[PDB]
Amino acid sequence: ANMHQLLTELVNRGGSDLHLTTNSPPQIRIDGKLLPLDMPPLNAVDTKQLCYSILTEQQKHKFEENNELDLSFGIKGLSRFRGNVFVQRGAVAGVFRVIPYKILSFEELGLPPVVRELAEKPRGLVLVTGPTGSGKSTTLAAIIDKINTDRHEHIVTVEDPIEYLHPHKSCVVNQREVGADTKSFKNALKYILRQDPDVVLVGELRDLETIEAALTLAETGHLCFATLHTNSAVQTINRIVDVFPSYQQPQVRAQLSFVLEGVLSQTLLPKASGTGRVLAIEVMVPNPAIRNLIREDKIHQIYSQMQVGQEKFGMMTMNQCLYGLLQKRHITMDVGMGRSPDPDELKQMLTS
Amino acid sequence: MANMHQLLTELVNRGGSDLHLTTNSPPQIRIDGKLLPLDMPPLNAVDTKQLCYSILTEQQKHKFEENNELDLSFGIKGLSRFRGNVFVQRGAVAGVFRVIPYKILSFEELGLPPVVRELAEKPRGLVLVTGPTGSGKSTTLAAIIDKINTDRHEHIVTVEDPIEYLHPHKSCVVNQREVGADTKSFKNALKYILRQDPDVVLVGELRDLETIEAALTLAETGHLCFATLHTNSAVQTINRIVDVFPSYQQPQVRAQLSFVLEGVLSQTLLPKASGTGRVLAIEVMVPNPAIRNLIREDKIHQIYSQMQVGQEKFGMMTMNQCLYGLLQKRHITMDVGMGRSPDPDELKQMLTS
Amino acid sequence: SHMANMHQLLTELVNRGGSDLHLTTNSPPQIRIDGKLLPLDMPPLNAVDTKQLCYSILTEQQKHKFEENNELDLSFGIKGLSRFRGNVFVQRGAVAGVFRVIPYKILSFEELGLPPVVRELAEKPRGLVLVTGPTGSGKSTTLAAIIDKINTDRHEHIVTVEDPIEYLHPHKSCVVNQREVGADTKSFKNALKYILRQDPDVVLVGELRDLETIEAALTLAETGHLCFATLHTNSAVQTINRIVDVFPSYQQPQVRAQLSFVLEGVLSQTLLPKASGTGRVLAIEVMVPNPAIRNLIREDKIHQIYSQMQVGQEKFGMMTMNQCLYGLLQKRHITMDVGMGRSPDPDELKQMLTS
Amino acid sequence: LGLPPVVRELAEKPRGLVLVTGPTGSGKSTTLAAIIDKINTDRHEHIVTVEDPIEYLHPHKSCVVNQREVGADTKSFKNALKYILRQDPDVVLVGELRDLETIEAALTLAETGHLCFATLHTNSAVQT
Ligand SMILES: Nc1ncnc2c1ncn2[C@@H]1O[C@H](COP(=O)(O)OP(=O)(O)O)[C@@H](O)[C@H]1O
Ligand SMILES: Nc1ncnc2c1ncn2[C@@H]1O[C@H](COP(=O)(O)OP(=O)(O)O)[C@@H](O)[C@H]1O
Ligand SMILES: Nc1ncnc2c1ncn2[C@@H]1O[C@H](COP(=O)(O)OP(=O)(O)O)[C@@H](O)[C@H]1O
Ligand SMILES: Nc1ncnc2c1ncn2[C@@H]1O[C@H](COP(=O)(O)OP(=O)(O)O)[C@@H](O)[C@H]1O
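Residues numbered from 1 in each chain as written, not as in the entry; some residues may be left out. Chains lettered and ligands numbered in written order. Part of a larger assembly, values for the part shown. Heavy atoms only, no water. Residues with missing side-chain atoms left out of burial classes, pairs and counts.

- As summarised from the PDB record, the model derives from X-ray crystallography at a stated resolution of 3.027 Å.

Structure, rendered in structure tokens:
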């Protein structure tokens, strides 16, 4: 009955994570920063009692065998949660994440209209990138949900774990969870071409084999969605090419020039109001000039090409996005400057 | 049990640096660099085993008997924490014990340049602190961790073998996992670290292939990762990390390294010209756009050329540039500066201009 | 009675100054004196004899281990006599054994024929000192004399890693810890993995078998410690080349730079039969690095180091092998054939004789 | 399929190694099915295919056609190829030349008077 109250406080306060460890009060991450609750500090008896209060008997066994445990659980009327229990300095510790279920609209997410146009693409590779917790899964869920609403096609997702659930609308939606429904990303992608897909979500471009799978899907007539942890379009494109040996990079660059349809690099920044976060996003939509630049190995010039395609194609550099957020007073100058990849350009952009 | 308490108490009270326990000698304490025997009868093999085992857990006893080697740390309430090494010689247990101070020195007390303070403010990336064993790496890391703890409202996780410096919660939540007790291994701790909502992670030495991938993944997914190696320069550090991997996977490591590297600090402690104490010599590499491309393009030899002229703007500093400054302040001798220069000819050119 | 024979055979080995006792079937017991085997005046042994004699000095666990593998290395003491290193094996279906003497008494520098510059090496605060030569060329005896001088004079921590431990060093002014590979520590690599956490001042690492041991020895010497190691090389230049050339070409520049800073002495030894026909006398090449030699190492001009050694005798206590053979020849300790048979350049030694 | 006339003449070769290469989904299996079907139609020989998985089925025409699917009919390419010389083949499809062992099987089949078909993921004759 105490663990219930703590998870209730986490939800009510709009927090993302609950942390339980000795010699500190419970702490909740809100808008990316930890805030301690107005409670006495926990001891080792407390952390074990609190964490064990949400475990099954079999789960207590596995944790004591390894001093590690991953799990998920639900609290009726509240939310499901992702938990990790571990041991530090001889005492139990726990971290508990909230599992969103409701898909927000493109405008609630702060996504510009061009992202809505990406859900209509018949084939190609669309990459959504950024750091952990930069909105990638929510953006993807909005795109996938629009396809589910609008098309009569087959969507297959491979996820680790599944985050957002897509009940069938006009599409048939099959969602495979790594570690339960399928052994691995590699095994799921081995059979995906024999599963008659139209739209496939493959997750992060972790290694060479998954990149070849996404390029093959995109060039064989499918719309393929994937993620990377990179922070810009140029940085994203380089990270796909540079994984391959020098001798095979020309083909990958040629493949990317044909199948790439969009790169979205996101980051959530604290709002100037002090409550909540706002999306900063760089949007690159390839035009003929950029596709040629990829093939000719002149990737360093793509940023300059993005600078002049805003009105026509819906492109937007990070700095142009930061410029709009600064003009609307959604973020502070220090936050905007802190994320600008070129503060001198943004300063020029602000005073021009 | 209550005897080992007394020997460690005498070690601290007497200002010793190290306590030595071995057979056919009384306990000896190193004072001002030289060993002094305590006024006690010589120890036998029963004594050394009992004394060393009195400060061990059952897990630690088993692991020592499995390997005949053991590093560990422990605390004596009201006195101090200590680092221990237990080993076997001539069929008998032996032990050496160092003191671990409660107070973490500041960047200025440690002789660290202002760029090290700015590394403690990095919101993401990979920072490497390198050098041989006992070259000051843990002391520098403790200063960095403590500043983040003071200044940020974030989650710091350390995996250590063993834990040396303890970081009670300040503004951060700090969790410290000791290998062999809190967690089975580095591999196991890093397998779950990504589900523990960390912001800053200390992973220890990049001792094998699997830990580097864990450290690279942590750094590229938006976390600040600190790690150590045994190397003496930025180029040796960068080369050592990529080349340990099979040739076909080095491209990904180079792309990853070019993206996540935020600083490499290579340290060595040198004797002070006064003859008492040591002074820090440090090579600092801070990646600029030019350097990140060279890592990505497998042009490591050109990384060194970029470092000689970026000193004033970003706080970068080659070892030779640091040695030049130590020589100008007359903190070190010519033999020491030349004896640690990776290119004495370059240092000669800087001196005679 | 079997034990009483093994004791008498091992006692005879010590009183007659033999180095090794050999027991095998169809031969009498034989003892090695000054490198050459001599049979004792006894009937030849059979398989019953060799098994009983060798087993008389083994523990029950050692007999069991021997019977599982047909191999056994061990050390043991005979109260009032000496300690010994034994190996028992099987040949032609019968037990055989070899037993070496481990002397209790370390001889002094002058008794061993070591020049005074070797005494000064025991006073070095840090660096790498290499003692090289073939098997049984006196390397361990020289190292024990140096370590004994450190043990006597300093209040520091000496750690040895040995395969196996030969000379035992009681604590004198130093604290001496000696780790035997295969019993005290799993391997040289594992012992060296922890040596920096054991607060050493002086470390003996044994033979520079592999890259990891060379890197460990260079690190010890770079971090302010005095490190002793051995190789099987016959000259200073050959020794330096052996260390550098085991590394890949791309990392050899650093090794040469490292060696040039930390190297403090190279001793290459060989024991030669005396002219009188009894005993052996030490011939030694001694290299003590000066600023000129350290540069030759960094510049990859290794083979030019010998010319520097020819002229550093009076100033730095240096000495080439040929300079040593000259002194043994003028004092008539060795014959002309023995001295010439070992000169790396007999024509140079010839010129030194006629001058 | 848009294959030039020289491809039909390759289907008449009595022996040797024929490689059909390209990236995934570039038509390789379809081209190979056209070649095998002509052989099945034209020859009185024994065709064995090893496939992971089987993509095109060939009912017997003038040839005897045996098709082994990895993971069901046979444990692996390695296991199927160890016995193929003892199965009296004339034409063999071995799939992708993924490792050194499979290449040696294809070169040996092609050298001992058999017609061997295999694929690679290379993009040109020289690269292949
Ligand atoms: N564009 C966005 N605008 C507003 N809130 C967002 C946005 N994206 C994500 N969020 C919220 O912040 C959290 C982080 O999003 P997430 O899907 O986990 O990104 P990632 O998968 O990259 O970690 C989400 O749970 C969501 O509630
Ligand atoms: N810049 C420094 N100035 C003075 N003392 C230092 C300095 N750096 C390290 N030390 C001292 O060195 C000793 C051991 O350092 P340590 O953390 O073990 O380095 P490492 O783990 O890399 O070998 C510590 O007691 C520390 O006080
Ligand atoms: N300089 C020396 N002078 C006289 N006798 C020596 C000398 N060095 C060694 N001896 C004797 O010769 C024997 C063989 O030498 P040893 O220590 O086995 O050399 P190594 O270390 O190369 O194996 C020793 O037992 C020792 O008693
Ligand atoms: N010459 C061709 N012309 C048009 N479509 C083709 C052709 N060859 C194959 N296809 C179709 O393209 C898809 C992929 O071809 P596939 O035979 O699977 O090539 P691969 O075995 O190299 O991956 C198939 O489903 C097929 O129907």
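Once the structure has been displayed, the description carries forward.
1. Some remarks on the sheet that holds strand β6 (residues 92–100) of chain B
Whenever strands of a sheet pair, they do so through backbone hydrogen bonds, lying parallel or antiparallel.
All names here are of chain B.
Piece 1. Sheet architecture is open: 6 strands sit in the order β3-β2-β1-β6-β5-β4, paired in antiparallel fashion. Across the chains shown, the open sheet's two edge strands, defined by having one partner strand only, are β3 (34–37) and β4 (69–76). Put simply, the sheet's adjacent strands are angled 25° from each other on average, direction ignored.
Piece 2. Bridging between β4 and strand β5 (residues 80–89) involves 8 bridges; their strand directions are antiparallel. What sits directly across from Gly75, in β5, is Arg81.
Piece 3. This element, helix α1 (residues 4–13), spans β1 (18–21), β2 (28–31), β4, β5 and β6 of the sheet and lies at about 140° to β1.
Piece 4. Those strands touched by helix α2 (residues 45–53) are β1, β5 and β6, and its axis lies near 40° from that of β6. (Pairing = 2+ DSSP bridges. Helix = DSSP H or I, 4+ residues; strand = E, 2+ residues; numbered from the N terminus. Axes fitted to C-alpha atoms, helices over the stretch in contact; angles between N-to-C directions. Contact = heavy atoms within 4.5 Å.)

2. Things to note about the site of ligand 1
All names here are of chain A.
Piece 1. Looking at ligand 1, there are 13 residues lining it, with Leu109, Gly133, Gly135, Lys136 and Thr138 nearest.
Piece 2. The contact in question runs from a nitrogen atom of ligand 1 to an N or O atom on the backbone of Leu109, over 2.7 Å.
Piece 3. For ligand 1, whose accessible area on its own is 560 Å², the fraction buried by protein is 77%.
Piece 4. Listing elements by their share of the shell around ligand 1, those giving two or more residues are α5 (136–150) and β13 (277–284). (Near = heavy atom within 4 Å. Polar contact = N/O pair within 3.5 Å; in protein donor to acceptor, adjacent residues only side chain to side chain. Areas by Shrake-Rupley, 256 points an atom, 1.4 Å probe, with all protein chains shown as cover.)

3. Focus: the interface of chain B and chain C
Piece 1. Contacts between the two partners involve 31 residues from chain B, matched on the other side by 29 residues from chain C.
Piece 2. If you list the elements that add at least two residues to the side of chain B that touches chain C, you get β1, β2, β3, α3 (58–67), β4, β5, β6 and α14 (334–340) of chain B.
Piece 3. Looking at the side of chain B that touches chain C element by element, the count peaks at 5 residues for β5(B).
Piece 4. In terms of residue class, the side of chain B that touches chain C is made up of 8 nonpolar, 14 polar and 9 charged. (Nonpolar A, V, L, I, M, F, W, Y, C, P; charged D, E, K, R; others polar.)

4. What to know about the interface of chain A and chain B
Piece 1. The partner chain B presents 32 residues to the 41 residues of chain A that form the contact.
Piece 2. Among the elements that take part in the side of chain A that touches chain B, strand β5 (residues 79–88) of chain A stands out by supplying 5 residues, more than any other.
Piece 3. Of the residues contributing to the side of chain A that touches chain B, the split by class is 10 nonpolar, 17 polar and 14 charged.

5. Here we look at the UniProt feature "binding site: Mg(2+) 2" (unreviewed entry) in chain B
Residue and element names in this part refer to chain B.
Piece 1. Summarizing the sequence annotation, UniProt attributes the feature "binding site: Mg(2+) 2" (unreviewed entry) to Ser138 and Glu164 in the numbering used throughout. Taking the farthest pair of C-alpha atoms as the criterion, the annotated set spanning 27 residues converges on one region, since that pair is 8.0 Å apart.
Piece 2. Topologically, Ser138 is positioned in helix α5 (residues 137–151).
Piece 3. With sequence-adjacent residues up to four places away left out, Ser138 is seen in contact with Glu164 and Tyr165.
Piece 4. The topology assignment puts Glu164 in the loop between β8 (155–160) and β9 (173–178).
Piece 5. You can call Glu164 buried: its relative accessible area is 9%.
Piece 6. There is a polar contact of 2.6 Å between the side chain of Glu164 and the side chain of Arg83. (UniProt positions renumbered as here; feature names shortened; annotations may be inferred. Buried < 20%, exposed > 50% of the residue type's maximum accessible area, 1.4 Å probe, protein only.)

6. Structural notes on a nonpolar patch on the surface
Piece 1. On the surface, a cluster of nonpolar side chains totalling about 350 Å² of accessible area is made up of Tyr324(B), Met338(B), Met350(B) and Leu351(B).
Piece 2. With respect to the helices, strands and loops of the structure, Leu351(B) is situated in helix α15 (residues 344–352). (Patch = residues over 30% accessible without salt bridge, like charges linked within 9 Å, V, L, I, M, F, W, Y side chains within 5 Å. Salt bridge = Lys/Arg side-chain N within 4 Å of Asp/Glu carboxyl O.)

7. A word on the packing of helix α9 (residues 249–259) of chain A against helix α10 (residues 288–295) of chain A
Residues and elements named next belong to chain A.
Piece 1. Closest axis-to-axis distance for the α9/α10 pair is 8 Å, and the angle between their directions is 170°. Relative to α10, the element α9 lies roughly antiparallel. Counted together, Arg253, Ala254, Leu256, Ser257 and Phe258 of α9 and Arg291, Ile294 and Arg295 of α10 form the full contact between these two elements.
Piece 2. Looking at the contact of α9 with α10, its residues break down into 4 nonpolar, 1 polar and 3 charged. (Parallel < 35°, antiparallel > 145°, perpendicular 65-115°, else oblique.)

8. Considerations on the nonpolar core
One recurring pattern in soluble globular proteins is that nonpolar side chains are buried together.
Piece 1. Of all hydrophobic cores here, the largest spans 74 residues; its most connected members are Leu125(A), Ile147(A), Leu205(A), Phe225(A), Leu256(A), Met284(A) and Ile302(A).
Piece 2. If sequence neighbours within four positions are ignored, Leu256(A) has contacts with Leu125(A), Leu215(A), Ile237(A), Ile240(A), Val241(A) and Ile294(A). (Core = buried A, V, L, I, M, F, W, Y, C linked by side-chain atoms within 4.5 Å.)

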